[PDB]
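Read-outs: derived from the displayed coordinates by stated rules, not from any lab. So basically every Cβ, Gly included, is an ideal-geometry build from the backbone, and we count neighbours across all protein chains shown.
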Amino acid sequence: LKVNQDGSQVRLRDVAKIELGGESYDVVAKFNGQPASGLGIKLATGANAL
Amino acid sequence: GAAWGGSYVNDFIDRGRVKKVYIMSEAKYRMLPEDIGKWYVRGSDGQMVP
Amino acid sequence: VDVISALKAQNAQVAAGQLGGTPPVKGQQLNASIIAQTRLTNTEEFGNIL
Amino acid sequence: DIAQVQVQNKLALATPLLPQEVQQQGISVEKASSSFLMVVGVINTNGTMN
């Protein structure tokens, strides 16, 4: 990110907390109280449901 | 181009409607070929150039 | 060119997020969207551009 | 299908009036539904994955 005048260098570790996380934290699903994820499938117009 | 033909810079909100923002010379200064000399362009030295 | 630059910079949209947005701190209780709209509507605001 | 085509034509006619910001994002024309046909949830019985 920057090199200080004394030669010291600052990186994303020094100013942030890099971490693998979700794109968005808005939606949280639970199945019978257990942490879970799912797909909400919508039928296309004029298609057989079965 | 901006002085003689005009330029659509960006938009603005008026009474909840997006409207364009144009800039152009006031008509007095873009009517005759002699009006070319009235326009100055800044140089790297900071001196306006006819 | 300077007029164009100023006009482009003046009007914009800011995705300012929310107070208490996800992921929230434990115990958070207020979630409000942040609105920072430095938009110019009438003529005088445009004339007042630095 | 013809309805979608006509809607796309009208949307193309109306797009330039829209703000440039929303034009960059890209507008979507899709056949729509209202209710989920099926919800398929995924859980991890080992309680290892959040």
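Against chain D, whose longest principal axis is taken from its Cα atoms, helix D:2-14 shows a tilt of about 60°. Rg over Rh for chain D works out to 1.29, both radii taken from alpha-carbon positions and Rh defined as the Kirkwood radius. By the helix-only formula, in which each DSSP H run with n ≥ 4 contributes -39500 (n - 2.57) and the sum is divided by residues, the protein assembly as shown has a 222 nm mean residue ellipticity of -5000 deg cm²/dmol.
For chain C, modelled as a GNM whose springs connect Cα atoms under 10 angstrom apart, the maximal fluctuation among C:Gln18, C:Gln28, C:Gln37 occurs at C:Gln28.
The alpha carbons of chain C give a radius of gyration and a Dmax of 16.7, 51 Å, in that order.
Using C-alpha pairs below 8 Å separated by at least 6 residues, the relative contact order for chain C is 42 percent. Total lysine pairs in the protein assembly as shown at Cα distances under 22 Å, for residues eight or more apart or on different chains: 11. When you restrict to C-alpha pairs under 8 Å that are six or more residues apart and normalise by the size of chain B, the relative contact order lands at 26 percent. As a size descriptor, the averaged projected area of the C-alpha convex hull of chain B was calculated at 4.9 nm².
Label zone (B:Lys19, point 7 Å along Cα-to-C-beta; backbone nitrogen cut-off 14 Å) within segment C:18-50: C:40-47. Expressed per residue, the C-alpha convex hull volume of chain A stands at 164 Å³.
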